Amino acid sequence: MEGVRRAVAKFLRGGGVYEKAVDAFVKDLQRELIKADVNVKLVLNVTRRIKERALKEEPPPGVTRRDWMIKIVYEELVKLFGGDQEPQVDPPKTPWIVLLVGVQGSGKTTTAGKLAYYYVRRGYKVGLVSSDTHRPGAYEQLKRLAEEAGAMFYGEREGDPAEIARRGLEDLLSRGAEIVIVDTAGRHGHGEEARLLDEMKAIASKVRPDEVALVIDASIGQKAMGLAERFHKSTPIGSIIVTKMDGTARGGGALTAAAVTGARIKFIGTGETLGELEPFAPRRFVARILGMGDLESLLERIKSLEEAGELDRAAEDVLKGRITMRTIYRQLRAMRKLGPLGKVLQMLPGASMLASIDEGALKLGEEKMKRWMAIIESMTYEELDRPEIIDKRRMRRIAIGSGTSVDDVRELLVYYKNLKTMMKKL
């Protein structure tokens, strides 16, 4: 979906009345999701998640209205596309048996090859297994991709598919396969789909798969609900892999099947070559939809401002004479993740004037701030409150706990006192 990029760009720039830009942006986005099918119910949910946040949350001090709204559209689109932060690209355990399931034509055998390569390159010993008995040239197809992918192979063109699959499993485990992908039929002869289901369930029983992956094409927006229910009944789905995300695209049906089985989309099929297969990371995918350039610019543009806001309070809290070890600790943290301060977009009330009294207040090194932070972390809660209590014995104890000089804990201490003096005026 490419119109959505243009919408973000119109919204982010092409000004006019703010609220008219957001009603229009929500409108564009909604049209754009529907065009990618998705599911009206899933589209009216994402817009309500966005409204609720827009009503309860307000841009943090300094952040523009628009920057904050895209940050809300992104985060909630991420949730819509699963994206609960769960990539899980490596299997969690030693031998990992993957049963592919799906209807013929969707890209199952291609996905088997693409999937074998992917794990080979990540340094896994991969075997493929041809269980498909009904499609002619299945054995040979998988054969090609297995050597093409640099993965071991085992198949039989004829027999009980369950026993072919059990045999291919044993063969490849014997030859030290750490991952085994079991390719399957997507049609039982003419098109008796209910013999196909009983075949998957039987293969599954003999094989004991660690992950049943449903392989689906990005061309069943509305029909993705049913397909998933049928396959989920026979072999409970644990993965979804979405094929044919090239040329004329779709995909919104993916996250309908995602919903029905409660299964994650682990891999996207984006072409015809072995190589054309990358994991599905929602954070990154929606970022591409929204416009990867803008979106990452906008999230930093916000995080800078939230940093400067901490420095704002830290400088302000000094200038109102409220300086403490907790103020300085928050001040250093803020200064550290920021850099050598600003000049282009300094834009700070406190920090401007703070440096305009003592230049050497906002001119500490990285290391000098990092040592001072370690120091504060080693002071007692009573010391944090009353640093004047810190005699020679304490000064010493502090130096040990934080790997520093008894004179270092003096430098901070003076800094504290020296800052505190100035803001008393004359």
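From 1 onward, residues are counted along the sequence shown.
In this entry, the higher average B-factor at the C-alpha atoms falls on 272-280, of the pair 108-116 and 272-280. Taking the mean C-alpha B-factor of each stretch as recorded, 185-193 and 284-292 are not equal, and the higher mean is that of 185-193.
Taking the deposited Cα B-factors for 331, 141, 131, 352, the highest one is held by 352.
Across 92, 168, 159, 342, the greatest Cα temperature factor reported in the deposited entry is at 342. The deposited CA B-factor of residue 39 belongs to the highest third of values across its chain. Split the chain's modelled residues into thirds by C-alpha temperature factor. Residue 238 is in the lowest one. When all modelled residues of the chain are sorted by CA temperature factor, residue 22 is found within the lowest third.
Compared with the other modelled residues of the chain, the Cα B-factor recorded for residue 386 ranks in the lowest third. Among the modelled residues of its chain, residue 63 has a C-alpha B-factor that falls in the middle third, as given in the PDB entry.
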